[PDB]
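Coordinates from protein_36.txt are shown below (compact mmCIF, C-alpha atoms).
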# COMPACT_ATOMS: atom_id res chain seq x y z
CA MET S 287 138.82 128.00 181.27
CA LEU S 288 136.93 129.08 184.39
CA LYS S 289 136.95 125.53 185.75
CA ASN S 290 140.54 125.06 184.55
CA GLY S 291 141.54 128.30 186.28
CA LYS S 292 143.48 129.42 183.19
CA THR S 293 143.68 133.06 184.17
CA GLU S 294 145.97 134.21 181.35
CA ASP S 295 143.58 132.95 178.67
CA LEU S 296 140.68 134.27 180.76
CA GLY S 297 142.45 137.63 180.96
CA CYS S 298 143.35 137.48 177.28
CA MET S 299 139.70 136.73 176.52
CA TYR S 300 138.64 139.72 178.65
CA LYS S 301 140.33 142.31 176.45
CA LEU S 302 138.81 140.86 173.27
CA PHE S 303 135.24 141.02 174.61
CA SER S 304 135.77 144.34 176.42
CA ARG S 305 135.68 145.88 172.93
CA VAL S 306 131.95 145.35 172.24
CA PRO S 307 128.92 146.70 174.15
CA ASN S 308 127.72 144.30 176.85
CA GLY S 309 130.33 141.78 175.71
CA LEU S 310 131.65 141.73 179.26
CA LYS S 311 128.01 141.54 180.37
CA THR S 312 127.75 138.45 178.18
CA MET S 313 130.57 137.14 180.36
CA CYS S 314 128.66 138.11 183.51
CA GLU S 315 125.98 135.66 182.39
CA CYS S 316 128.51 132.83 182.14
CA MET S 317 130.18 133.55 185.49
CA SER S 318 126.69 134.14 186.89
CA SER S 319 125.71 130.66 185.72
CA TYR S 320 129.14 129.28 186.64
CA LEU S 321 128.81 130.89 190.07
CA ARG S 322 125.28 129.50 190.44
CA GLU S 323 126.42 126.03 189.36
CA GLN S 324 129.23 126.07 191.92
CA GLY S 325 126.99 127.51 194.64
CA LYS S 326 124.11 125.05 194.39
CA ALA S 327 126.33 121.96 194.48
CA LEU S 328 127.84 123.14 197.78
CA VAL S 329 124.90 124.63 199.70
CA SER S 330 122.87 121.46 199.04
CA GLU S 331 123.73 119.34 202.07
CA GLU S 332 123.74 115.62 201.31
CA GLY S 333 124.71 112.37 202.99
CA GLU S 334 126.84 112.70 206.11
CA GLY S 335 127.81 116.30 205.29
CA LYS S 336 130.52 117.85 203.16
CA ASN S 337 134.11 118.84 203.82
CA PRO S 338 134.64 122.26 205.43
CA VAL S 339 137.03 123.29 202.65
CA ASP S 340 134.15 122.68 200.22
CA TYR S 341 130.96 123.87 201.94
CA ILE S 342 131.23 124.92 205.60
CA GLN S 343 133.91 127.55 204.94
CA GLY S 344 134.53 126.89 201.24
CA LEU S 345 131.17 128.51 200.49
CA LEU S 346 132.64 131.84 201.58
CA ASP S 347 135.77 130.89 199.62
CA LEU S 348 133.61 130.39 196.51
CA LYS S 349 133.25 134.16 196.20
CA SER S 350 136.97 134.52 196.93
CA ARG S 351 137.78 131.94 194.26
CA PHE S 352 135.56 133.88 191.85
CA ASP S 353 137.20 137.07 193.13
CA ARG S 354 140.56 135.57 192.13
CA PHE S 355 139.22 135.16 188.59
CA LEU S 356 137.95 138.73 188.90
CA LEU S 357 141.44 139.89 189.87
CA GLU S 358 143.87 137.63 187.99
CA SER S 359 141.84 137.78 184.76
CA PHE S 360 139.07 140.41 184.89
CA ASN S 361 140.92 143.56 185.97
CA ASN S 362 138.84 143.88 189.17
CA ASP S 363 136.11 145.10 186.83
CA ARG S 364 133.06 146.85 188.27
CA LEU S 365 130.52 144.95 186.17
CA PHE S 366 131.67 141.54 187.44
CA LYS S 367 132.43 142.26 191.08
CA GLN S 368 129.06 144.07 191.19
CA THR S 369 126.91 141.55 189.29
CA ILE S 370 128.13 138.07 190.28
CA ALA S 371 127.66 138.93 193.96
CA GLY S 372 123.90 138.71 193.49
CA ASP S 373 124.22 135.04 192.55
CA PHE S 374 126.39 134.39 195.60
CA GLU S 375 123.79 135.89 197.93
CA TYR S 376 121.04 134.16 195.96
CA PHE S 377 122.17 130.62 196.81
CA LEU S 378 123.83 131.69 200.07
CA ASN S 379 120.36 132.50 201.44
CA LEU S 380 119.48 128.81 200.92
CA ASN S 381 121.74 127.84 203.85

Just dump the structure as structure tokens.
Amino acid sequence: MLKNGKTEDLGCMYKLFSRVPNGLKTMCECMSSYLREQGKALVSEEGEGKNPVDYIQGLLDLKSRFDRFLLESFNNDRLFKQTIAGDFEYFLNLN
């Protein structure tokens, strides 16, 4: 769903897992990994470079794209907008 950008199902999934302790934290792990997977593929310069929309300025958009999932599906939740940012800075420092 995260790759598909299916926000409604992602939002529908949110409410189900919001019920249990750390269930949303269990999500933080998946977006954390999903964020890390997206980040590493972009920050790793290869060949003759990569398109600006992907890496040069898309890297900053990667957080925004994940922020859209945070907004459109995850109710601008504290736990996500506070946790996933660490991954973004983690592989952003590799620039």

key: Atom pair CA of residue 349 (chain S) / CA of residue 362 (chain S): separation (Å)   =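 CA of residue 349 (chain S) sits 13.2 Å away from CA of residue 362 (chain S).
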
task = Pick out the residues sitting within 12 Å of region 295-298 of chain S, and hand them over as a VMD selection string; count only C-alpha atoms, and ignore anything fewer than 5 positions along from it in its own chain.
result = chain S and resid 287 to 290 303 to 304 310 313 317 354 to 363

inquiry  = I need the residue nearest residue 351 (chain S) from this list: S:307, S:291, S:338, S:372. Use all atoms listed in the file for the distance.
reply    = S:291

request  = Kindly indicate which residue among S:322, S:336, S:301, S:311 lies nearest to residue 371 (chain S), using all atoms listed in the file for the distances.
outcome  = S:322

task = Would you list the contacts of region 373-378 of chain S as a ChimeraX atom specification, taking every protein, DNA or RNA residue within 9 Å and counting only C-alpha atoms, but skipping same-chain residues closer than 2 positions in sequence?
result = /S:318-319,321-322,325-326,329,345-346,348-349,369-371,380-381

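Separating CA of residue 367 (chain S) from CA of residue 330 (chain S) is a distance of 24.2 Å.
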
task = Pick out the closest residue to residue 340 (chain S) from this set: S:368, S:324, S:379, S:293. Count only C-alpha atoms.
result =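 Of S:368, S:324, S:379, S:293, the one nearest residue 340 (chain S) is S:324, counting only C-alpha atoms.
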
query = Between S:314, S:353, S:344, S:309, which has the minimum distance to residue 327 (chain S) (counting all atoms listed in the file)?
reply =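 Closest to residue 327 (chain S) of all the choices is S:344.
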
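Reported to one decimal place, the separation of CA of residue 352 (chain S) from CA of residue 302 (chain S) is 20.1 Å.
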